[PDB]
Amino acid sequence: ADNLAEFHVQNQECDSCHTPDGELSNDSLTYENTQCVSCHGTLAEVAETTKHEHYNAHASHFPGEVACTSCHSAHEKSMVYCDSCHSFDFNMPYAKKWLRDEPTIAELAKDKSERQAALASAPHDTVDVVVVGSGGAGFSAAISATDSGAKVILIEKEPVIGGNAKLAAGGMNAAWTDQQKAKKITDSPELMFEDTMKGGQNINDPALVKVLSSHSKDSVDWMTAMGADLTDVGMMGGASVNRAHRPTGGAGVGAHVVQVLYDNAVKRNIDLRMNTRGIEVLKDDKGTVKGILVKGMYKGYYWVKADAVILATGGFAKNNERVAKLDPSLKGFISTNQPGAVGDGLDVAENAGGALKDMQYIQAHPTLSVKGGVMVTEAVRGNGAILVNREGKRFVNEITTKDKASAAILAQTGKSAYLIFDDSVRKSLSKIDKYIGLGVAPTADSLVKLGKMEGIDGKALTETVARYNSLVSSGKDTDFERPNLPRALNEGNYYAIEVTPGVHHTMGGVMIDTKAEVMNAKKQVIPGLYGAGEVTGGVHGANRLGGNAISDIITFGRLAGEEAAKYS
């Protein structure tokens, strides 16, 4: 067969997958994916038949219920979504090579000739609030608005939910939480504000950072009340104390939080539409929002009438062309992001009159796996790993901020470095097992053997770990002044992970005030238009602290959904 539908229709009718009238149920292909499930079973049942030792197309880290049509199209060959970051040995029937080619918002002007027709028609739906983006900010705003009594529509352009938020690892920063007190940590909203402003080089909008710190415990409480486990508190870079919350054992915060949020939207019957891209915010004659034009992948353009539109579309760190324009030193770097994190959401915000700020501040994550091409969480250092160069020596304070860690790693021989840790570090952070399963954490019972495996000076590496361990026992790092030395690397086996910097987060974005209201260049609110999440600028200044983005999207998503519901 040339395609999946063709293959099935040799022995089945069209209505085995389609509805009685044959029209597509919706842009999420709800009905249609139900029929795939009907015969092949759920994704977990399918996963039993496609097992590989360390990977499985149908059993991944993605949260929510991943539709089969995310990767299997019927009437045409389709792409494996995992190929956008990994290069697993897959044999999906009717596959084609991963290639992301999505028209920009500007390029969609060519659809003038279908957009006017959609805009001339009646709204397809009339609701109170449309949320754009199913990342942590978007679900948060959707839930919060719904909880406040607003009727919401939540759209996501991708086939899967979660954006970059589902990939988060190290934690969600928050101060003075019950979770911290349980672990004997002393912190305060004031110290979090201080660490943040300093980490952002005091560029951050003080009012936004005050919302960030002061709502942080409340956001942790709200997540936990919805079912989140944020009881593990770890250290991340540039933080005076451990304040990055994540599930028991050091599991990734991201997939968990998004799963909680998705479960919570589902419980509230939130109208969630996949493969639906927000294209244009619609304003009435007084310039207040009156809705949004969307482009449903399967059903075309249509508009939704609504009082408020909350843009929660995330950053543009996957868009290296846009990135390089603003920061030519990041040209050609690999990104840690999901494939649609390209800044189309910012273009929508700008076309609606929203002004942008701090766009030139683009954060590179210092430790992408060279081998796997994926982020390796900063919690690996925060839990006690060190960085060594090819010469087998330390070269930076591993818990300094991301801009300084990146530059120090890029200055080492070969422009990469190695995370080194033992089994005590590995056991304190279950996420590390994920790197081991990926094949990117080679191991050996001695550092001479580890270094010989990876091309690291073995006996210098041994001297390096012995010296670091005596600094840990002394209590002070006189070589690089790492302020927190939580463990000695001296338990069990040793592991090395080759790392180099990758493009990760865009701190700039649309200007919002403390109620998450989008502002124009004159600093005037655009009535009904809200922004929440990495799409906004001004929260993180020149350099975001690790763990501050999950804190940001919950706080600001939640706040935007409440403010939009009340605006009404």
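Each residue number is its position in the shown sequence, starting from 1.
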Discussion item. When the Cα temperature factors in the entry are averaged, is it 117-125 or 288-296 that ends up higher?
Written reply: 117-125
Worksheet, complete the sentence: Ranked by mean Cα B-factor in the entry, 211-219 and 184-192, top stretch is 184-192
Worksheet item: Per the entry, which of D403, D477, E156, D271 tops the list for Cα B factor?
Response: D477
Worksheet item: Per the entry, which of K357, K267, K305, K325 tops the list for Cα B factor?
Response: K267
Fill in: Cα B factor band for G237 (lowest, middle or highest third within the chain)
lowest
Worksheet entry | Modelled-residue ranking by C-alpha temperature factor, third containing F316 | lowest
Item to complete: Sort the modelled residues of this chain by their C-alpha B factor and say whether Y94 lands in the lowest, middle or highest third.
Response: middle
Item to complete: Please rank the C-alpha B-factors of the chain's modelled residues and tell me whether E45 sits in the lowest, middle or highest third.
Response: highest
Response to the item:
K166: CA B-factor among chain residues, third -> lowest
